[PDB]
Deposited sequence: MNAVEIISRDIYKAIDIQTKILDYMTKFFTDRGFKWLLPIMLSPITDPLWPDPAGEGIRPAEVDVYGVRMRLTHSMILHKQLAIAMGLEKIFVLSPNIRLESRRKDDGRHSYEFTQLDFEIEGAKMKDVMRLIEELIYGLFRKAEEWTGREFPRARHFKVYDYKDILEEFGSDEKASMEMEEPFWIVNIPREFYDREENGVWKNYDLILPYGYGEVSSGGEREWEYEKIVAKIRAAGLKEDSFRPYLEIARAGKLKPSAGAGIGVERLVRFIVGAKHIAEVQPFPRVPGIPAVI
């Protein structure tokens, strides 16, 4: 698609739905006393996205190598350390994944509504996301006149049982008709692990649409954080100012999640490919024309 073809697509209904979704979700959080933060796109530190079942793009800023935002996870933990209590942000992310990830669900630029709550536990956040999704689905039925999944609470699968029964979260999505949780997934250092149990969670949409939200409780203790980083083969100086805050003992227990906005729009409009809900497509492996 050249530039003219890109702007010649019909996208009005998807954008109409997107506007209603953003209105609903931002209000959901401000109604519950969340602070609305603005994003950052450049920092000496960012989410490594590893280990996880790709290097961040970099640019020089006044002589210092900065990373483009993979995700604001570390900055959300810092906002909690500043005592903001409950926060969310509409955060753009840049993830330059390969052509292989062009599966209809991935974009190399996207936005997630990313939130964090001081002191929250995994079951708190999951219940909160269930409340958000249930309400959103009921409204979407009014917006679109179509029927959406009806459950107030979603089945919870352990990561292991998903690999056991379906082989992958992929096959799982295709087989289900309700959103479902996958919990206890070994991954990045910031996610809390206790007694071999990872206190984290992914919300998977039915009908093959795949993951829509992901989060967890956080590690906040210096020794434990550095251990997981070293163990993973990550370099500590990639996270220096963060670890300095951790060493100072200023990180606080918290839990949160990110919700992929375009993935949600795609589900509600029922679009075959995520690019169809984006005015300026950002397809993995295909550098954007505009």
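### Task
Identify which parts of the deposited sequence carry no C-alpha coordinates, going from the N-terminal end onward.
Going by the record, the one segment left unmodelled (no C-alpha atoms) falls at 54-57.
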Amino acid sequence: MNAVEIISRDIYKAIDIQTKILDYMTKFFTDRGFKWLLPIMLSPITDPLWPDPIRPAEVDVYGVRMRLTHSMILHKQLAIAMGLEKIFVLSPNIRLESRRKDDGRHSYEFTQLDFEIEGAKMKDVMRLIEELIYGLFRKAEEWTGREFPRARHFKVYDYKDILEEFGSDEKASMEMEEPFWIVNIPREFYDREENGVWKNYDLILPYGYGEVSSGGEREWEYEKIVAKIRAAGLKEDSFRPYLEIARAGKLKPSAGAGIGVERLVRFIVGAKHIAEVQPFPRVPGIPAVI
From here on, numbers count along this sequence of modelled residues.
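**Request:** Higher average CA B factor in the deposited record is what I'm after, so tell me if that's 164-172 or 70-78.
**Result:** Higher mean C-alpha B-factor: 164-172.
Comparing average C-alpha B factors as deposited, tell me which of 147-155 and 83-91 sits higher.
Mean CA B-factor is higher for 147-155.
Out of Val64, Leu37, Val226, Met41, which residue has the highest Cα temperature factor in the PDB record? In the PDB entry, the greatest C-alpha B-factor among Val64, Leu37, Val226, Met41 is found at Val226.
Original post:
From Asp202, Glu109, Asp114, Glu142, pick the one with the largest CA B-factor in the entry?
Top reply: Max CA B-factor in the entry, restricted to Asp202, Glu109, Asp114, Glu142: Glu142.
- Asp52 CA temperature factor, ranked by third within the chain: Within its chain, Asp52 is a highest-third residue by C-alpha B-factor, going by the deposited values.
- Message: Please place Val197 in the lowest, middle or highest third of its chain according to the CA B-factor in the PDB entry.
- Response: Highest third, going by the recorded CA B-factors of the chain.
Chain third (lowest, middle, highest) by recorded CA B-factor, residue given as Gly135:
It falls in the middle third of the chain.
### Message
Please place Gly256 in the lowest, middle or highest third of its chain according to the CA B-factor in the PDB entry.
### Response
Lowest third of the chain for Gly256's C-alpha B-factor.
Q. How does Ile7 rank on Cα B-factor within its chain, lowest, middle or highest third?
A. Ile7: CA B-factor falls in the lowest third of its chain.
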